[PDB]
>>> print(open('start_30.txt').read())   # compact mmCIF, C-alpha atoms
# COMPACT_ATOMS: atom_id res chain seq x y z
CA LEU A 2 29.36 40.12 21.28
CA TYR A 3 27.65 37.51 18.97
CA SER A 4 30.98 35.65 18.49
CA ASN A 5 31.19 33.67 21.76
CA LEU A 6 27.34 33.72 21.96
CA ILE A 7 27.00 31.09 19.23
CA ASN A 8 29.62 28.85 20.92
CA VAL A 9 27.99 29.21 24.38
CA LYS A 10 24.63 28.48 22.65
CA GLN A 11 26.22 25.24 21.32
CA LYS A 12 27.51 24.38 24.82
CA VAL A 13 24.14 24.99 26.54
CA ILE A 14 22.23 23.16 23.78
CA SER A 15 24.59 20.12 24.25
CA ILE A 16 22.59 19.53 27.47
CA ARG A 17 19.56 18.47 25.40
CA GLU A 18 21.37 15.31 24.11
CA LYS A 19 22.23 14.24 27.67
CA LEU A 20 18.46 13.96 28.14
CA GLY A 21 17.02 11.16 25.98
CA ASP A 22 14.30 12.70 23.77
CA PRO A 23 13.16 11.10 20.43
CA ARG A 24 12.92 14.41 18.53
CA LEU A 25 16.72 14.59 18.25
CA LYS A 26 18.02 13.68 14.82
CA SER A 27 21.57 13.66 13.50
CA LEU A 28 22.10 16.08 10.62
CA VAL A 29 25.10 15.88 8.27
CA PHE A 30 26.06 18.02 5.25
CA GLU A 31 28.66 17.57 2.50
CA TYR A 32 29.90 21.23 2.44
CA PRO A 33 33.39 20.51 1.02
CA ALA A 34 33.53 18.76 -2.36
CA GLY A 35 33.76 15.01 -1.47
CA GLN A 36 33.72 14.68 2.34
CA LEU A 37 31.24 15.52 5.05
CA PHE A 38 30.47 18.29 7.54
CA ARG A 39 28.52 17.27 10.66
CA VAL A 40 26.62 19.66 12.88
CA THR A 41 27.91 19.37 16.47
CA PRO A 42 24.63 19.17 18.44
CA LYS A 43 22.16 16.34 17.89
CA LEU A 44 19.44 18.94 17.42
CA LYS A 45 15.71 18.37 17.32
CA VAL A 46 13.51 18.51 14.27
CA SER A 47 9.75 18.38 13.64
CA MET A 48 7.92 17.03 10.57
CA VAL A 49 5.52 19.34 8.73
CA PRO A 50 2.79 17.07 7.20
CA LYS A 51 2.88 15.92 3.60
CA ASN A 52 1.15 17.49 0.63
CA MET A 53 0.19 15.85 -2.67
CA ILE A 54 1.68 17.89 -5.54
CA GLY A 55 2.75 17.44 -9.19
CA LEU A 56 6.31 16.54 -10.16
CA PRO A 57 8.78 19.53 -9.75
CA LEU A 58 10.69 18.14 -12.77
CA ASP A 59 7.66 18.60 -15.02
CA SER A 60 4.58 20.11 -13.24
CA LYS A 61 2.08 19.36 -16.02
CA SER A 62 2.70 15.61 -16.19
CA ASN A 63 0.94 12.43 -15.07
CA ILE A 64 3.67 11.69 -12.45
CA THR A 65 2.83 13.22 -9.09
CA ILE A 66 4.63 13.04 -5.75
CA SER A 67 4.18 13.96 -2.10
CA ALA A 68 6.39 16.74 -0.82
CA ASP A 69 7.74 15.80 2.61
CA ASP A 70 9.66 18.43 4.59
CA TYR A 71 11.44 18.64 7.98
CA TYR A 72 11.58 21.67 10.29
CA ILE A 73 14.99 22.09 11.97
CA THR A 74 14.72 24.70 14.69
CA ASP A 75 17.91 25.11 16.73
CA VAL A 76 20.92 24.93 14.29
CA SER A 77 24.07 26.97 15.05
CA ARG A 78 25.39 29.75 12.76
CA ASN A 79 28.95 28.31 13.17
CA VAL A 80 28.24 25.97 10.25
CA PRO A 81 29.37 27.43 6.86
CA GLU A 82 26.57 29.18 4.89
CA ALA A 83 27.62 27.39 1.67
CA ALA A 84 26.82 24.03 3.40
CA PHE A 85 23.13 24.92 2.88
CA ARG A 86 23.67 24.72 -0.92
CA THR A 87 24.59 21.06 -0.60
CA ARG A 88 22.42 18.01 0.14
CA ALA A 89 21.80 17.06 3.73
CA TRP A 90 21.19 13.78 5.47
CA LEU A 91 19.07 13.06 8.52
CA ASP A 92 20.02 10.02 10.63
CA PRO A 93 22.88 8.88 8.33
CA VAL A 94 25.26 5.98 8.92
CA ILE A 95 29.00 6.26 8.26
CA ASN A 96 30.94 3.06 7.52
CA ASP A 97 34.70 2.42 8.06
CA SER A 98 35.19 4.54 4.91
CA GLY A 99 34.29 8.24 4.39
CA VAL A 100 31.02 7.40 2.53
CA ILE A 101 27.44 7.09 3.87
CA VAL A 102 25.30 4.00 3.20
CA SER A 103 21.85 4.74 4.66
CA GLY A 104 20.04 7.87 5.81
CA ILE A 105 17.24 10.23 4.92
CA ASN A 106 18.06 12.50 1.98
CA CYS A 107 17.00 16.14 2.19
CA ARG A 108 17.74 19.48 0.55
CA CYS A 109 17.49 22.95 2.17
CA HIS A 110 14.15 24.31 0.91
CA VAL A 111 13.73 27.53 2.94
CA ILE A 112 16.04 29.40 5.34
CA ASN A 113 14.76 31.34 8.37
CA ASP A 114 17.63 33.47 9.76
CA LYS A 115 15.72 36.10 11.82
CA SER A 116 17.58 35.13 14.99
CA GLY A 117 21.19 36.48 14.86
CA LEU A 118 22.76 33.60 16.82
CA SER A 119 21.19 30.40 15.32
CA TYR A 120 19.75 29.43 11.89
CA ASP A 121 16.33 27.73 11.62
CA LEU A 122 15.64 25.89 8.36
CA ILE A 123 13.13 23.70 6.62
CA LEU A 124 14.53 21.02 4.35
CA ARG A 125 12.58 19.00 1.82
CA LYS A 126 13.10 15.28 1.43
CA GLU A 127 14.31 13.99 -1.91
CA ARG A 128 11.77 12.16 -4.09
CA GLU A 129 14.01 9.09 -3.92
CA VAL A 130 15.46 8.27 -0.49
CA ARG A 131 17.76 5.54 0.82
CA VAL A 132 15.73 4.54 3.91
CA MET B 1 5.58 -7.01 -30.25
CA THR B 2 5.64 -6.51 -26.44
CA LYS B 3 6.23 -3.00 -25.05
CA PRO B 4 9.04 -3.81 -22.47
CA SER B 5 11.36 -5.11 -25.22
CA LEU B 6 10.35 -2.12 -27.40
CA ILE B 7 10.92 0.41 -24.53
CA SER B 8 14.35 -1.14 -23.76
CA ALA B 9 15.22 -0.66 -27.44
CA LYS B 10 13.82 2.92 -27.32
CA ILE B 11 15.98 3.98 -24.32
CA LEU B 12 18.95 2.19 -25.96
CA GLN B 13 18.45 4.25 -29.17
CA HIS B 14 18.14 7.39 -26.96
CA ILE B 15 21.49 6.92 -25.13
CA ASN B 16 23.16 5.21 -28.15
CA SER B 17 25.23 8.08 -29.50
CA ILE B 18 23.23 11.24 -28.73
CA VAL B 19 22.37 11.94 -25.08
CA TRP B 20 24.81 11.03 -22.31
CA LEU B 21 22.62 9.99 -19.37
CA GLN B 22 24.52 10.05 -16.06
CA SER B 23 21.59 8.83 -13.96
CA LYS B 24 17.99 7.71 -14.40
CA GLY B 25 15.51 9.01 -11.84
CA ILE B 26 12.92 11.66 -11.06
CA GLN B 27 15.09 14.25 -9.28
CA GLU B 28 17.19 17.28 -10.35
CA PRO B 29 20.88 16.41 -9.61
CA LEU B 30 22.77 17.99 -6.69
CA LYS B 31 26.06 16.33 -7.72
CA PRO B 32 28.92 18.73 -8.73
CA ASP B 33 29.86 19.17 -12.41
CA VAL B 34 31.25 15.84 -13.67
CA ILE B 35 34.97 15.89 -14.52
CA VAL B 36 35.99 13.68 -17.47
CA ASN B 37 39.25 14.19 -19.45
CA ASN B 38 39.87 17.26 -17.19
CA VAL B 39 36.72 18.89 -18.62
CA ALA B 40 33.69 19.81 -16.50
CA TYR B 41 30.19 18.88 -17.75
CA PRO B 42 26.76 19.72 -16.23
CA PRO B 43 24.84 17.04 -14.26
CA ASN B 44 21.90 15.41 -16.01
CA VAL B 45 19.03 12.99 -15.41
CA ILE B 46 16.40 11.21 -17.44
CA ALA B 47 12.83 10.51 -16.35
CA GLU B 48 11.16 7.69 -18.29
CA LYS B 49 7.47 8.56 -17.97
CA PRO B 50 4.83 5.77 -17.74
CA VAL B 51 3.29 4.76 -21.07
CA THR B 52 -0.03 6.54 -21.68
CA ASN B 53 -2.69 6.62 -24.41
CA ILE B 54 -2.50 2.82 -24.82
CA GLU B 55 -5.26 2.22 -27.35
CA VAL B 56 -6.03 -0.83 -29.54
CA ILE B 57 -8.07 0.18 -32.59
CA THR B 58 -8.23 -3.00 -34.78
CA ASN B 59 -9.14 -0.59 -37.58
CA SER B 60 -6.05 -0.08 -39.74
CA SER B 61 -5.08 -1.40 -43.18
CA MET B 62 -1.74 -2.63 -41.86
CA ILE B 63 -3.33 -5.53 -39.91
CA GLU B 64 -3.19 -8.84 -41.78
CA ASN B 65 -5.71 -11.60 -41.01
CA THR B 66 -3.23 -14.52 -41.06
CA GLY B 67 -6.01 -16.87 -39.89
CA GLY B 68 -4.08 -18.25 -36.91
CA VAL B 69 -4.77 -15.71 -34.17
CA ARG B 70 -6.32 -12.24 -34.45
CA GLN B 71 -3.77 -9.43 -34.74
CA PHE B 72 -4.01 -5.92 -33.39
CA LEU B 73 -2.46 -2.52 -33.97
CA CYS B 74 -1.61 -0.69 -30.78
CA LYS B 75 -0.93 3.00 -30.42
CA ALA B 76 1.10 4.38 -27.54
CA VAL B 77 2.73 7.62 -26.46
CA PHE B 78 6.19 7.08 -24.97
CA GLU B 79 7.39 10.09 -23.02
CA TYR B 80 10.98 10.76 -21.91
CA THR B 81 12.14 13.88 -20.03
CA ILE B 82 15.86 14.88 -20.01
CA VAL B 83 16.99 17.51 -17.50
CA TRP B 84 20.38 19.25 -17.46
CA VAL B 85 21.47 21.34 -14.48
CA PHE B 86 23.80 24.26 -15.15
CA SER B 87 25.42 25.71 -12.03
CA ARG B 88 25.34 29.49 -11.58
CA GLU B 89 28.93 29.46 -10.32
CA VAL B 90 30.19 29.02 -13.89
CA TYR B 91 27.07 30.27 -15.81
CA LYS B 92 26.53 33.80 -14.45
CA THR B 93 23.98 35.06 -17.04
CA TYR B 94 21.10 33.17 -18.69
CA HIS B 95 22.21 33.90 -22.27
CA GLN B 96 25.67 32.33 -21.87
CA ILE B 97 24.20 28.85 -21.07
CA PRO B 98 24.51 26.50 -24.10
CA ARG B 99 20.80 26.24 -25.00
CA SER B 100 21.70 25.94 -28.71
CA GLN B 101 23.75 22.78 -28.12
CA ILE B 102 20.89 21.30 -26.02
CA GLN B 103 18.45 21.96 -28.90
CA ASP B 104 20.94 20.38 -31.35
CA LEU B 105 21.24 17.31 -29.09
CA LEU B 106 17.43 17.11 -28.84
CA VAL B 107 16.89 17.34 -32.64
CA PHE B 108 19.62 14.72 -33.19
CA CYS B 109 17.85 12.31 -30.78
CA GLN B 110 14.55 12.95 -32.57
CA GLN B 111 16.11 12.18 -35.97
CA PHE B 112 17.90 9.05 -34.69
CA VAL B 113 14.78 7.59 -33.00
CA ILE B 114 12.64 8.37 -36.11
CA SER B 115 15.13 6.82 -38.57
CA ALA B 116 15.71 3.59 -36.58
CA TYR B 117 12.42 1.86 -37.68
CA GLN B 118 14.09 -1.53 -38.23
CA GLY B 119 16.32 -1.07 -35.14
CA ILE B 120 13.74 -0.51 -32.40
CA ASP B 121 11.35 -3.40 -33.20
CA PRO B 122 10.50 -5.13 -36.56
CA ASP B 123 6.76 -4.73 -35.92
CA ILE B 124 6.76 -0.92 -35.77
CA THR B 125 4.31 0.44 -38.38
CA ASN B 126 4.50 4.16 -37.51
CA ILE B 127 6.65 6.53 -35.40
CA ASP B 128 5.58 10.19 -35.20
CA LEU B 129 6.72 13.14 -33.05
CA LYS B 130 4.72 15.47 -30.87
CA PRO B 131 6.08 19.08 -30.60
CA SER B 132 8.91 19.04 -28.01
CA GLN B 133 8.92 21.57 -25.18
CA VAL B 134 12.17 23.12 -23.93
CA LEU B 135 12.04 24.89 -20.57
CA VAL B 136 14.63 27.04 -18.78
CA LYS B 137 12.86 26.78 -15.42
CA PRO B 138 14.97 26.97 -12.22
CA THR B 139 16.09 23.79 -10.39
CA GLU B 140 13.82 22.32 -7.64
CA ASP B 141 15.83 23.64 -4.66
CA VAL B 142 19.40 23.55 -6.03
CA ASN B 143 21.40 26.69 -5.26
CA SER B 144 24.89 27.38 -6.57
CA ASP B 145 26.40 30.74 -5.61
CA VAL B 146 26.18 33.34 -2.82
CA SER B 147 22.63 34.66 -2.04
CA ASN B 148 21.37 31.12 -2.69
CA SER B 149 20.31 31.80 -6.29
CA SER B 150 18.59 28.85 -7.97
CA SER B 151 20.63 27.00 -10.62
CA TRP B 152 19.62 26.93 -14.26
CA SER B 153 17.64 23.81 -15.28
CA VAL B 154 17.12 22.96 -18.94
CA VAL B 155 14.24 20.53 -19.34
CA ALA B 156 13.46 18.90 -22.67
CA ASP B 157 10.67 16.40 -23.31
CA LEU B 158 10.39 13.81 -26.08
CA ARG B 159 6.97 12.30 -26.74
CA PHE B 160 6.95 9.60 -29.43
CA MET B 161 3.55 8.58 -30.85
CA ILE B 162 4.16 5.05 -32.02
CA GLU B 163 1.97 2.49 -33.72
CA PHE B 164 2.97 -1.14 -33.73
CA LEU B 165 1.66 -4.63 -34.35
CA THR B 166 0.75 -7.07 -31.57
CA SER B 167 -0.91 -10.47 -31.20
CA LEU B 168 -2.38 -12.49 -28.31
CA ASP B 169 0.36 -15.17 -28.69
CA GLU B 170 3.15 -12.70 -27.77
CA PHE B 171 2.10 -12.45 -24.11
CA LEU B 172 3.10 -15.25 -21.73
CA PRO B 173 3.16 -15.52 -17.90
CA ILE B 174 6.97 -15.08 -17.97
CA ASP B 175 6.70 -11.32 -18.65
CA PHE B 176 4.23 -10.90 -15.75
CA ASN B 177 6.50 -12.82 -13.27
CA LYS B 178 6.83 -10.18 -10.51
CA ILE B 179 3.31 -8.66 -10.77
CA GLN B 180 0.94 -11.61 -11.31
CA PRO B 181 1.19 -15.35 -10.42
CA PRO B 182 0.28 -17.72 -13.30
CA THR B 183 -2.97 -19.71 -12.89
CA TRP B 184 -4.67 -17.68 -10.15
CA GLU B 185 -8.18 -18.06 -8.62
CA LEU B 186 -11.27 -16.07 -9.74
CA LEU B 187 -12.37 -13.26 -7.38
CA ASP B 188 -16.07 -14.27 -7.26
CA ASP B 189 -15.65 -18.10 -7.55
CA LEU B 190 -16.23 -17.88 -11.34
CA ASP B 191 -14.64 -20.13 -13.99
CA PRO B 192 -11.87 -18.72 -16.26
CA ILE B 193 -12.81 -18.50 -19.95
CA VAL B 194 -10.08 -20.42 -21.79
CA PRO B 195 -9.13 -18.83 -25.19
CA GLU B 196 -9.12 -20.99 -28.32
CA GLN B 197 -6.19 -23.36 -28.74
CA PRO B 198 -4.43 -23.89 -32.11
CA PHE B 199 -6.11 -26.91 -33.69
CA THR B 200 -3.89 -29.61 -35.23
CA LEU B 201 -5.20 -31.86 -38.01
CA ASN B 202 -4.25 -35.43 -37.08
CA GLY B 203 -6.98 -37.26 -39.01
CA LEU B 204 -9.71 -36.62 -41.58
CA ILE B 205 -12.97 -38.55 -42.02
CA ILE B 206 -15.09 -38.16 -45.18
CA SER B 207 -18.57 -39.66 -45.51
CA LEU B 208 -19.87 -39.20 -49.06
CA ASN B 209 -23.39 -39.80 -50.30
CA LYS B 210 -24.50 -41.15 -53.67
CA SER B 211 -27.45 -38.94 -54.64
CA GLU B 212 -30.54 -39.86 -56.66
CA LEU B 213 -30.88 -39.38 -60.45
CA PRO B 214 -32.56 -35.88 -60.77
CA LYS B 215 -30.24 -33.86 -58.49
CA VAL B 216 -28.54 -33.76 -55.08
CA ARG B 217 -30.90 -32.63 -52.28
CA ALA B 218 -29.00 -33.49 -49.06
CA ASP B 219 -31.92 -32.93 -46.63
CA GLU B 220 -34.15 -36.05 -46.81
CA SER B 221 -32.45 -39.34 -45.87
CA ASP B 222 -34.09 -41.55 -48.53
CA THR B 223 -32.74 -39.55 -51.54
CA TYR B 224 -29.11 -40.50 -51.02
CA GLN B 225 -27.25 -43.73 -50.26
CA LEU B 226 -24.10 -44.01 -48.16
CA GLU B 227 -21.30 -45.32 -50.38
CA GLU B 228 -18.14 -45.37 -48.28
CA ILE B 229 -16.56 -43.77 -45.21
CA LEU B 230 -13.01 -42.67 -45.99
CA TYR B 231 -10.21 -42.13 -43.48
CA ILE B 232 -7.51 -40.08 -45.25
CA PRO B 233 -4.58 -41.51 -43.22
CA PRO B 234 -5.18 -45.33 -42.97
CA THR B 235 -3.82 -45.27 -39.38
CA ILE B 236 -6.93 -43.37 -38.17
CA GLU B 237 -8.82 -46.71 -38.43
CA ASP B 238 -9.20 -48.30 -34.96
CA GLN B 239 -7.78 -45.07 -33.37
CA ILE B 240 -10.76 -42.66 -33.05
>>> encode(input="start_30.txt", output="structure tokens")
Amino acid sequence: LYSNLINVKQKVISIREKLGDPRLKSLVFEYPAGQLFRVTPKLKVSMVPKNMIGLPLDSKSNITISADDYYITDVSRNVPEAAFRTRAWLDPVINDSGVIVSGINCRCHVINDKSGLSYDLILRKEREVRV
Amino acid sequence: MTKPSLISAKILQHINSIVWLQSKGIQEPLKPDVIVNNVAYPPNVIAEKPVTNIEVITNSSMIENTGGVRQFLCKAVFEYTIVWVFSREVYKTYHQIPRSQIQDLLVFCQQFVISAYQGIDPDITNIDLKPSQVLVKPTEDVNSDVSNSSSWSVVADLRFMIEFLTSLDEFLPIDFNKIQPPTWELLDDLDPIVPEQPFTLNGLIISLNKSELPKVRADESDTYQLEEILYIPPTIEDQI
């Protein structure tokens, strides 16, 4: 069916969090304009190693940076597609208010959507991060 | 004088009445269009690039030997990059983005920074402009609309070649406070070479010689007689 398949995939994946593994990271998005959208499972993510590159703002400049990216493997399709056009945060903290203080700032760099029941995406860290 | 005061004045002239700079940082903005007076405006950022081509030539006609401390003329290239992000949600085609207004804003900043000779620093002797580059490259990873199409990014650089006067006396350990401790130790147990200190004239001693009849010679000690030893302020007697 592909409709209940994504939801059952979320239910079966929710077993992974009951086992304490350190690869699990909390991902949040800001899909609506002002407030946040959180992925339900505390999914796992790997880190592709860094590469030393020029600035993406101006490539032919003295300022250079290291591009750091994260590889998120099992992320449900139930999340809105337009969420991927908005900045994402890995391990964020929410206060008493609706804002976030600390976390690791990332932007969706490349989408892999070959599997029909889950997305898989790589997201690049911002050049300036909070923590 | 010192480049941090000059650079603070340069960024102040930049944002004075020309460019509106929402944030300062090396990163294309992912904030939504900013709503002010019920009007939406594109996000922007400014990157202040590190000062390069810092050269001291001591070979210009605009350096006066005042006789106190040696002056210098310093040349520097100060580079600023302003980036505006235009979302594809509102700007569907490339040609409807307001590139003309960006170019107008850029030329206005160039004119304002060039005219403000007396307003940036009094010791500016020359301000010149390198050819500015305007790019309509896509954003880093910023997508707007369906299909994840990259947003339009308009990047404009401003590189000011600027020549200004400096002196050794203008630099004190206060401006190095967070990078260097005052009065540190030498890395190889060497002694520090102390620069000259301004000499104050607090006494003058004159010893004149009465020369022999044919002419002054001033080499042999028998051809001149000591007359008197004069201390120009009388209080120098019994002091030194």
>>> atom_distance(input="start_30.txt", atom1="atom CA of residue A:2", atom2="atom CA of residue A:26")
29.5 Å
>>> axis_aligned_box(input="start_30.txt", around="stretch 52-64 of chain B", padding_each_side="5 Å", output="lines of an AutoDock Vina configuration file")
center_x = -4.6
center_y = -1.1
center_z = -32.4
size_x = 19.1
size_y = 25.5
size_z = 31.5
>>> atom_distance(input="start_30.txt", atom1="atom CA of residue B:170", atom2="atom CA of residue B:47")
27.6 Å
>>> interface_residues(input="start_30.txt", of="chain A", to="chain B", cutoff="10 Å", atoms="only C-alpha atoms", output="list in words")
residues 34, 35, 56, 57, 58, 59, 62, 63, 64, 66, 82, 83, 85, 86, 87, 88, 108, 109, 110, 111, 112, 124, 125, 127, 128 and 129 of chain A
>>> write_last_selection(input="start_30.txt", atoms="C-alpha atoms", output="tab-separated table (two decimals), keeping the file's coordinate frame")
chain	number	residue	atom	x	y	z
A	34	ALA	CA	33.53	18.76	-2.36
A	35	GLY	CA	33.76	15.01	-1.47
A	56	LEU	CA	6.31	16.54	-10.16
A	57	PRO	CA	8.78	19.53	-9.75
A	58	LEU	CA	10.69	18.14	-12.77
A	59	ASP	CA	7.66	18.60	-15.02
A	62	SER	CA	2.70	15.61	-16.19
A	63	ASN	CA	0.94	12.43	-15.07
A	64	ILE	CA	3.67	11.69	-12.45
A	66	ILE	CA	4.63	13.04	-5.75
A	82	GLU	CA	26.57	29.18	4.89
A	83	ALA	CA	27.62	27.39	1.67
A	85	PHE	CA	23.13	24.92	2.88
A	86	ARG	CA	23.67	24.72	-0.92
A	87	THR	CA	24.59	21.06	-0.60
A	88	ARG	CA	22.42	18.01	0.14
A	108	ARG	CA	17.74	19.48	0.55
A	109	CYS	CA	17.49	22.95	2.17
A	110	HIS	CA	14.15	24.31	0.91
A	111	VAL	CA	13.73	27.53	2.94
A	112	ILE	CA	16.04	29.40	5.34
A	124	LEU	CA	14.53	21.02	4.35
A	125	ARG	CA	12.58	19.00	1.82
A	127	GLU	CA	14.31	13.99	-1.91
A	128	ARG	CA	11.77	12.16	-4.09
A	129	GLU	CA	14.01	9.09	-3.92
>>> atom_distance(input="start_30.txt", atom1="atom CA of residue A:8", atom2="atom CA of residue A:116")
14.8 Å
>>> residues_around(input="start_30.txt", residues="stretch 42-54 of chain A", least_positions_apart="3", cutoff="12 Å", atoms="all atoms listed in the file", output="short mmCIF file (atom, residue, chain, number, x, y, z; two decimals) with C-alpha atoms, keeping the file's coordinate frame")
data_model
loop_
_atom_site.label_atom_id
_atom_site.label_comp_id
_atom_site.auth_asym_id
_atom_site.auth_seq_id
_atom_site.Cartn_x
_atom_site.Cartn_y
_atom_site.Cartn_z
CA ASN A 8 29.62 28.85 20.92
CA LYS A 10 24.63 28.48 22.65
CA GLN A 11 26.22 25.24 21.32
CA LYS A 12 27.51 24.38 24.82
CA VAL A 13 24.14 24.99 26.54
CA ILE A 14 22.23 23.16 23.78
CA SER A 15 24.59 20.12 24.25
CA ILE A 16 22.59 19.53 27.47
CA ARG A 17 19.56 18.47 25.40
CA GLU A 18 21.37 15.31 24.11
CA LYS A 19 22.23 14.24 27.67
CA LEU A 20 18.46 13.96 28.14
CA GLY A 21 17.02 11.16 25.98
CA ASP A 22 14.30 12.70 23.77
CA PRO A 23 13.16 11.10 20.43
CA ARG A 24 12.92 14.41 18.53
CA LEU A 25 16.72 14.59 18.25
CA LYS A 26 18.02 13.68 14.82
CA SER A 27 21.57 13.66 13.50
CA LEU A 28 22.10 16.08 10.62
CA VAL A 29 25.10 15.88 8.27
CA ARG A 39 28.52 17.27 10.66
CA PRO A 57 8.78 19.53 -9.75
CA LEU A 58 10.69 18.14 -12.77
CA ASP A 59 7.66 18.60 -15.02
CA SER A 60 4.58 20.11 -13.24
CA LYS A 61 2.08 19.36 -16.02
CA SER A 62 2.70 15.61 -16.19
CA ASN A 63 0.94 12.43 -15.07
CA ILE A 64 3.67 11.69 -12.45
CA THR A 65 2.83 13.22 -9.09
CA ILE A 66 4.63 13.04 -5.75
CA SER A 67 4.18 13.96 -2.10
CA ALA A 68 6.39 16.74 -0.82
CA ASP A 69 7.74 15.80 2.61
CA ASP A 70 9.66 18.43 4.59
CA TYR A 71 11.44 18.64 7.98
CA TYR A 72 11.58 21.67 10.29
CA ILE A 73 14.99 22.09 11.97
CA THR A 74 14.72 24.70 14.69
CA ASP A 75 17.91 25.11 16.73
CA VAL A 76 20.92 24.93 14.29
CA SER A 77 24.07 26.97 15.05
CA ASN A 79 28.95 28.31 13.17
CA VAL A 80 28.24 25.97 10.25
CA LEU A 91 19.07 13.06 8.52
CA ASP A 92 20.02 10.02 10.63
CA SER A 119 21.19 30.40 15.32
CA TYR A 120 19.75 29.43 11.89
CA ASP A 121 16.33 27.73 11.62
CA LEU A 122 15.64 25.89 8.36
CA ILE A 123 13.13 23.70 6.62
CA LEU A 124 14.53 21.02 4.35
CA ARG A 125 12.58 19.00 1.82
CA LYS A 126 13.10 15.28 1.43
CA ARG A 128 11.77 12.16 -4.09
#
>>> residues_near_point(input="start_30.txt", point="(27.8, 7.8, 6.4)", cutoff="12 Å", atoms="all atoms listed in the file", output="mmCIF file with C-alpha atoms, in the frame of the given file")
data_model
loop_
_atom_site.group_PDB
_atom_site.id
_atom_site.type_symbol
_atom_site.label_atom_id
_atom_site.label_comp_id
_atom_site.auth_asym_id
_atom_site.auth_seq_id
_atom_site.Cartn_x
_atom_site.Cartn_y
_atom_site.Cartn_z
ATOM 1 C CA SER A 27 21.570 13.660 13.500
ATOM 2 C CA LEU A 28 22.100 16.080 10.620
ATOM 3 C CA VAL A 29 25.100 15.880 8.270
ATOM 4 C CA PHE A 30 26.060 18.020 5.250
ATOM 5 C CA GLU A 31 28.660 17.570 2.500
ATOM 6 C CA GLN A 36 33.720 14.680 2.340
ATOM 7 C CA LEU A 37 31.240 15.520 5.050
ATOM 8 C CA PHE A 38 30.470 18.290 7.540
ATOM 9 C CA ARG A 39 28.520 17.270 10.660
ATOM 10 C CA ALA A 89 21.800 17.060 3.730
ATOM 11 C CA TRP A 90 21.190 13.780 5.470
ATOM 12 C CA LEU A 91 19.070 13.060 8.520
ATOM 13 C CA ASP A 92 20.020 10.020 10.630
ATOM 14 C CA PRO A 93 22.880 8.880 8.330
ATOM 15 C CA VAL A 94 25.260 5.980 8.920
ATOM 16 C CA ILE A 95 29.000 6.260 8.260
ATOM 17 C CA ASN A 96 30.940 3.060 7.520
ATOM 18 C CA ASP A 97 34.700 2.420 8.060
ATOM 19 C CA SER A 98 35.190 4.540 4.910
ATOM 20 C CA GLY A 99 34.290 8.240 4.390
ATOM 21 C CA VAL A 100 31.020 7.400 2.530
ATOM 22 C CA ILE A 101 27.440 7.090 3.870
ATOM 23 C CA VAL A 102 25.300 4.000 3.200
ATOM 24 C CA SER A 103 21.850 4.740 4.660
ATOM 25 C CA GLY A 104 20.040 7.870 5.810
ATOM 26 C CA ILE A 105 17.240 10.230 4.920
ATOM 27 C CA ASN A 106 18.060 12.500 1.980
ATOM 28 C CA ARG A 131 17.760 5.540 0.820
#
>>> residues_around(input="start_30.txt", residues="residue B:212", least_positions_apart="6", cutoff="12 Å", atoms="only C-alpha atoms", output="list in words")
residues 218, 220, 221, 222, 223, 224, 225 and 226 of chain B
>>> closest_residue(input="start_30.txt", among="B:38, B:235, B:65, B:110", to="residue B:15", atoms="only C-alpha atoms")
B:110
>>> decode(input="start_30.txt", residues="stretch 66-75 of chain A", atoms="N, CA and C atoms", output="compact mmCIF listing (two decimals), in the first residue's frame")
# COMPACT_ATOMS: atom_id res chain seq x y z
N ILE A 66 37.25 27.42 4.06
CA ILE A 66 36.49 26.79 5.11
C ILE A 66 36.61 25.30 4.94
N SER A 67 36.07 24.54 5.90
CA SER A 67 36.03 23.10 5.81
C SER A 67 34.58 22.75 5.72
N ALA A 68 34.18 21.97 4.70
CA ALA A 68 32.81 21.57 4.55
C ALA A 68 32.58 20.30 5.34
N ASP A 69 31.68 20.37 6.33
CA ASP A 69 31.37 19.27 7.20
C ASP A 69 29.94 18.86 6.91
N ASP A 70 29.68 17.56 6.69
CA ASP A 70 28.37 17.10 6.30
C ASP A 70 27.98 15.89 7.15
N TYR A 71 26.66 15.64 7.29
CA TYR A 71 26.14 14.52 8.06
C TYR A 71 25.25 13.67 7.20
N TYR A 72 25.32 12.33 7.35
CA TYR A 72 24.59 11.41 6.50
C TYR A 72 23.47 10.74 7.29
N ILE A 73 22.23 11.22 7.08
CA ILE A 73 21.04 10.74 7.76
C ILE A 73 20.39 9.71 6.88
N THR A 74 20.26 8.48 7.41
CA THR A 74 19.96 7.31 6.63
C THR A 74 18.48 6.97 6.67
N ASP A 75 17.95 6.63 7.86
CA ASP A 75 16.56 6.26 7.99
C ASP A 75 15.68 7.44 8.43
